[PDB]
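Asks: I'd like to ask some things about the structure below.
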Amino acid sequence: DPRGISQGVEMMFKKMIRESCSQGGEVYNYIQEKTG
Amino acid sequence: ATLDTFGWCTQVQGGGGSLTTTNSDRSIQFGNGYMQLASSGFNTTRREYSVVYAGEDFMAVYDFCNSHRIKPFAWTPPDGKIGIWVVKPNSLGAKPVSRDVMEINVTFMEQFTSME
Amino acid sequence: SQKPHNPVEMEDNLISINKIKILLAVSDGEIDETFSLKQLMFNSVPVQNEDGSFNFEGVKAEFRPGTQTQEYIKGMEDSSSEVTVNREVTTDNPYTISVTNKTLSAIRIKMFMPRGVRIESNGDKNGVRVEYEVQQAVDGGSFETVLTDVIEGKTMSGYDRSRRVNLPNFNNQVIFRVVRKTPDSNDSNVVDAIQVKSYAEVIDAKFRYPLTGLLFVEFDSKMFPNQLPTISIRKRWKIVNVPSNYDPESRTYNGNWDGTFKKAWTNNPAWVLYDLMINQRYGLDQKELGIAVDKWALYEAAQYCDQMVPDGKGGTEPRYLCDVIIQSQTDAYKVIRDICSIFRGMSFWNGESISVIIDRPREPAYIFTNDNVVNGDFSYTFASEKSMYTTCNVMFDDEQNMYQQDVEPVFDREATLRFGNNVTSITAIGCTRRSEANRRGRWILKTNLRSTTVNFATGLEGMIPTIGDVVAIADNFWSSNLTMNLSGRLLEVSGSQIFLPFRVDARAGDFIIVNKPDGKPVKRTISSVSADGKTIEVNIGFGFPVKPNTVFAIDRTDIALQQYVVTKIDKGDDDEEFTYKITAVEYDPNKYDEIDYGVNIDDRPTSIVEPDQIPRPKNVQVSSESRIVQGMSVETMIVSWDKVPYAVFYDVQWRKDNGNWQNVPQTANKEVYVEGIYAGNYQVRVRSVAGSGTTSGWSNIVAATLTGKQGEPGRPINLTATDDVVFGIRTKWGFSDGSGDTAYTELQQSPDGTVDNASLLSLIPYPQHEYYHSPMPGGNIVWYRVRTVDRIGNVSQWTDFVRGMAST
Amino acid sequence: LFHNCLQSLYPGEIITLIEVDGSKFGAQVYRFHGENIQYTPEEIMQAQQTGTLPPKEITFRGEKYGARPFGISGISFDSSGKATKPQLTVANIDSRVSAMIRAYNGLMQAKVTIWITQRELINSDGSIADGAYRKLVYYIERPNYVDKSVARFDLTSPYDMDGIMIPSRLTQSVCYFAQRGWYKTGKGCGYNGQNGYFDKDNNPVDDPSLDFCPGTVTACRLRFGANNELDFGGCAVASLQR
Amino acid sequence: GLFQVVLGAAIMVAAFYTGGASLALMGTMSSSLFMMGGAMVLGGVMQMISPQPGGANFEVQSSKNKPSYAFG
Ligand code: SF4
């Protein structure tokens, strides 16, 4: 079934964006390096 | 805490009475045919049973099965080891044979601790 | 160039005072108490240069250390005043001050000059200089001279001057006295009277600002005609929690560190990291929870942080020091990691440890073999190509430019032979010395080249090793094809213990390695191997018993174990649970030695700029010149001085004797000529100015007197003629000779017998006249005449000789 | 030629080959192939009677190729500017690849070419003209994966401009010339022995082996003479006094 | 063959079609998704044909001639 897979994928991406924008992720380090 | 032992006798027919075993072991393979065996908890074997009944008083047995899947009871099918048993969810079905009696299939799980 | 100013401290003339007050905030918490003027800076220029002199003259300041029990700063005097009235005398020492109110803070005294002038016999007008003092008393004291003020000038309308006096802490009462320190004048024409007409006293402000360090600076307003200067200090800073057996100055270690803490000053980043992680006001445990920090690891970090290692120009020095100041709000993680980057030590865990481990030449702790991982398998991965660098750029806070940023690159030659140029940029976080920046750069340069990560997953053994423990790997795959790595054994201590491996022959090497449940792995020399059955006998002796089916490893000189550093451990659920994923990186046992001996830096050379003290003119001379125009005499005023380096445009200013300074317009000729200056007494001083605008100090007062017309000698009048042919009248002729165009009159003396004792004055004729007839003679009477010249400035001339007369 | 064969509805067998160049560092050039080689029953009987089995080699352009399995990942030519890294996979059984990676620092800067042609276009001696080909070139960057079975590599192109800041003539005080173009070369180093040799501590040595003088102005003041002209690159006073 | 679509989720459903025809759907999906509007100043095909990072940039000459978003 693709509907459950799609729902799980979007939820996982929503959690991933918060776990990456927090302390330690690539985007956080990139922003810290650039803006400073 | 008025427990009620299962009644209406027992019978074996149409693949009924077969037991089932469930374990809780985890093992990891190292290499060269080496393995490590471990168990979480106390390594209890949750026995399972299937019962098929046909008789005149099928309605009372159906009522008992429907009303006793939340609270446990006692029932000793093959050997006399008394156990704390409870009916599985959505595992009760009826088959018709005659205008007076019916066929009922139920499955039992063994519960440990709690007892209420 | 440098900012302009002018030191003004010698107030003695009629001039008002305007002051500026600035109060600065210093780091939170307790600070050292060393606030000397040599450590206070204006525009990165020190105020007092050692012994030297004063760069910015006349500065008043006071400082506080920043504790709970401070005392309020007596500056910022506000909230009006009271002001009484009285005007008695300041000659025979009257007047007293009898304040009792303990809330009183300061007292202002205003002094009045009704008339100050002075005259001479010639009628010229000069000034008068007078001296006063102000004295405290205190309960039973010597009156403690405090304030000294000078007043001069020529006045006809009055002069006001209000001064400020600060009270000392007392118990019952304070007495102030007003005294005069010059002899009092007389009825002679010298006017000098002192009047005091003020009792301006008031509280100032009771704002002592507890828990914060302070700084109060006072100066005058004339000194800066442009942007005010940035104020800074150079001194020690926050008092940190220092261990017991530790002397910060001498960097000693008594031994047996027992956990007791004291308070002192330190630069070791090990102890100013612990201070940040525990402070409740501005630290890490803000939500009133006592967090746990491993003190022993920090003590070992401190011990490593003070090893003596020379570099640069010899002179062994500590290898890591940190002295930083924080002025902007940043995320706590950024600050913590920036501070930790000095160690380059790992940090981890959340609840029970909060620990830091420095990279040291550590010893192995646990053994992992092909029989202690899942699917007997190890994975190998590496770093990207862009991560291998050759040069790194490091920022600075340099000492010799006085905390201005600089650049020092770090480069390794060997890495440049294969890759090319890969450049980084790392901002240093407080290294004030160039050598430590180079060491920090070489740290990353050396560690980035060697990175061969090896990963694997194990069973319950993962609970034993933690992050930072160096582990040993005896993988068969990377060690060619020979194995010598199983988990058999059949005996405990028996002596070579048969040690029958159920399969695999294994061969002869140096030592066999066992894993003890708690302690470090133990290696014993595998001698008398006796591999007759190829699988019998290994060792000589052993300690403690050993379980069967235990792990072991064998090493050789040609093939040995591989050391790695554990960095991450992970856990599973519901199918893995008891497994533990582990990763590791390649260990390096010799990079520190290469780091400690690979830096070379000479110094920061000096530069050519304007000096902070422009020299004053060396010597000054005052002379004159004369010329004769329109009968009268005209003088001139001449000044000169040596051309002093670092000085463009001069300044000349002079008065009569004491009255009031007047400014001669700015000149660059190095010499000043002013004509038509009237006779009297005069004084001259000359400053110096540079291109920027910074004016130097005042010169030495040079006084001169202008008598008149260069001095010069008069010239006697020639050819006095006496004749004897005029009936009834006696006459006389003459000739006023050259340079006599300033004659005020001639002097005519007439003796009767050529004796100078018998010569008497007769008449005094006008300059536009040379002849004289004197009719009242008798016949044949003989007379004599003497004639001289007097000039306009009443300068006389030598008498002539005596000529004879004979009437008809 | 090959375009005409490709432009038909029923093309024949197609071959792909890989070679790795490492002669810059002193590394041998390797060559691999697949496609499976059939064996005749007569050869089987000869092997049975004589008891030997020789491995099969294969002769294409230039010199022959080895027998190793491999695999290639996505290859794209995008004009949008995004740079994609394809992945290599090489089977590893005899640990020779692992030993190569260990000894030669992962053979990072290597040149790889990929050749695609048709089997019957090749003459019996493995010589084909340049009238038709398909050649792709990449450079290795990292040995992504190493195991007992499969070793994996990543590839890029000179279009990957990560890092590489354009203006890098920074106003430093440490010998910018002796970072990129080193000593004794005519670019910026005019030092021809002159006043002997010196070492890391600027100590005077006489052998032509231990020579090293990094950065510091004193070094050259010594190498070039006190008052003589200097080839130093960079200023002594990096920044003005505050 | 017949194409019964699912309204809720089309991105993942489209890939499941084997049909020897998923390649066109994948290509169209990528090409169309690259052009979707966001919060960037420059538009679409102007980026895909020849990229140019666009944005107004002013050098600073004085601190008292640089306005703001009406703070003070
Ligand atoms: S000072 Fe001269 S010789 Fe020495 S590294 Fe610099 S450019 Fe080369």
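Numbering starts fresh at 1 for the residues of each chain in the structure tokens, the chains themselves are lettered A, B, ... in the order given, and ligands are numbered from 1 as they appear.
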Could you list, as a PyMOL selection string, all protein and nucleic acid residues with an atom at most 6 Å from ligand 1, counting only C-alpha atoms and all ligand atoms?
Replies: chain D and resi 175+177-178+189+191+214-215+217+220+231-233
Asks: What residues in chain D have any atom no more than 8 Å from chain E when counting only C-alpha atoms, and can you write them as a VMD selection string?
Replies: chain D and resid 79 to 81
Asks: Go ahead and write the selection's residues with N, CA, C and O atoms as an mmCIF file, in the first residue's frame.
Replies:
data_model
loop_
_atom_site.group_PDB
_atom_site.id
_atom_site.type_symbol
_atom_site.label_atom_id
_atom_site.label_comp_id
_atom_site.auth_asym_id
_atom_site.auth_seq_id
_atom_site.Cartn_x
_atom_site.Cartn_y
_atom_site.Cartn_z
ATOM 1 N N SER D 79 23.135 20.872 -17.098
ATOM 2 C CA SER D 79 23.504 22.260 -17.329
ATOM 3 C C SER D 79 23.033 23.191 -16.222
ATOM 4 O O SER D 79 23.369 24.380 -16.252
ATOM 5 N N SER D 80 22.267 22.689 -15.253
ATOM 6 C CA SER D 80 21.763 23.513 -14.164
ATOM 7 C C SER D 80 22.841 23.898 -13.160
ATOM 8 O O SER D 80 22.582 24.741 -12.295
ATOM 9 N N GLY D 81 24.031 23.304 -13.244
ATOM 10 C CA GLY D 81 25.136 23.638 -12.381
ATOM 11 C C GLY D 81 25.391 22.653 -11.258
ATOM 12 O O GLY D 81 26.480 22.675 -10.675
#
Asks: Tell me, in Å to one decimal, how far CA of residue 206 in chain D is from CA of residue 593 in chain C.
Replies: 26.1 Å
Asks: Just asking: which residues within chain A are helix (DSSP H, G or I) according to DSSP, as a PyMOL selection string?
Replies: chain A and resi 2-21+26-35
Asks: Take the residues just selected and output them with C-alpha atoms as a compact mmCIF listing (two decimals), in the first residue's frame.
Replies:
# COMPACT_ATOMS: atom_id res chain seq x y z
CA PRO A 2 1.49 3.35 -1.03
CA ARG A 3 -0.67 5.68 1.10
CA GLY A 4 0.78 4.56 4.43
CA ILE A 5 4.29 4.67 2.97
CA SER A 6 3.73 8.25 1.79
CA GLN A 7 2.37 9.31 5.18
CA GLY A 8 5.31 7.73 6.98
CA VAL A 9 7.73 9.40 4.56
CA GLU A 10 6.31 12.88 5.09
CA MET A 11 6.24 12.44 8.87
CA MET A 12 9.83 11.18 8.84
CA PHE A 13 10.95 14.16 6.76
CA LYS A 14 9.13 16.53 9.12
CA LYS A 15 11.03 15.02 12.05
CA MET A 16 14.30 15.04 10.09
CA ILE A 17 14.10 18.76 9.34
CA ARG A 18 13.78 19.52 13.06
CA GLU A 19 16.54 17.09 14.04
CA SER A 20 18.82 18.72 11.45
CA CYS A 21 17.96 22.37 12.14
CA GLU A 26 24.46 20.23 8.66
CA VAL A 27 22.20 23.25 8.15
CA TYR A 28 22.94 24.55 11.65
CA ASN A 29 26.70 24.30 11.13
CA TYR A 30 26.44 25.88 7.67
CA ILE A 31 24.42 28.82 8.99
CA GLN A 32 26.79 29.28 11.93
CA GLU A 33 29.78 29.32 9.58
CA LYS A 34 28.17 31.67 7.05
CA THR A 35 26.24 34.28 9.06
